[PDB]
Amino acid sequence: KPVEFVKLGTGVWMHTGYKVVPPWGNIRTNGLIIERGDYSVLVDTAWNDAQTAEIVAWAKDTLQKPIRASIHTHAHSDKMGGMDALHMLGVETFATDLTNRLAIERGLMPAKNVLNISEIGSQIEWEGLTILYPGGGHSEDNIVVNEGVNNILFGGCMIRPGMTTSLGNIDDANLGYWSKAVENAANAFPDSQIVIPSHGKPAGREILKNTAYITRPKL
């Protein structure tokens, strides 16, 4: 399926790309485009360079706000699969040091610059966004991004879609800490009523609660 753009709020757009992975077939991955004054910033690549180049072109030609910089929410190919495209298209890329290290271990290109959030609960302000490291969950390095004007929380792959009980790709997950990481994000951003998972539809805070439940160690 081709690459789709949907408006989530004032100056906040979701990009969605698809990849066919047998046996189940097409799987979506979502990220964001965030408008700033006369440029935009990007949260996550799509699956590959071609899809990522389509996102850059859309921001330049449709929003008229070319992508200047990007952040990447963990070291997997749905979030960093299009790094060569971003680099060739002049986008200045950012990730945590741990994400960059895991990217190299996993055969992905690291970002060009470092987000200094290494402790659990650490937050910074980057291009009008709040970036939090809530601890390991879907991947040890996963970060979340909050946009405080529209109160949109981008949970990425740490937040599971809808009412699923499937945990998704758990190859790199911290099964012990994931539910606490979700609680940490939910407590850090109480005003965000719109929550974006990477692999499903935009939703509300019910997907925070559901994710924390389905990934929580039980008695």
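Only the largest set of C-alpha atoms that superpose within 1.5 Å between the two forms is called the rigid core. Numbers for residues come from their place in the sequence shown, where the first is 1.
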#### Entry: Segment of greater CA departure in 4 other deposited structures of this protein, 121-129 or 104-112, core superposed
104-112
### Core-fitted comparison in 4 other deposited structures of this protein, 74-82 vs 90-98, farther C-alphas
74-82
### Query
Comparing 163-171 with 184-192, where is the mean C-alpha B-factor higher?
163-171
#### Entry: Selected stretch [higher average CA B-factor]: 78-86 or 104-112
104-112
### Task
Select one of 144, 91, 149, 95: the residue whose C-alpha shows the highest B-factor in the crystal structure entry.
149
### Query
Between 179, 51, 26, 29, which carries the biggest CA temperature factor in the record?
26
### Task
Taking the chain's C-alpha temperature factors as the reference, tell me which third residue 208 falls into: lowest, middle or highest.
middle
### Query
In terms of the CA temperature factor given in the entry, to which third of its chain does residue 135 belong: lowest, middle or highest?
middle
#### Entry: Among modelled residues of the same chain, the CA temperature factor third for residue 22
highest
### Task
Tell me, lowest, middle or highest third: where does the Cα B factor of residue 61 rank within its chain?
highest
### Query
Should residue 200 be placed in the lowest, middle or highest third of its chain by the C-alpha B factor in the entry?
middle
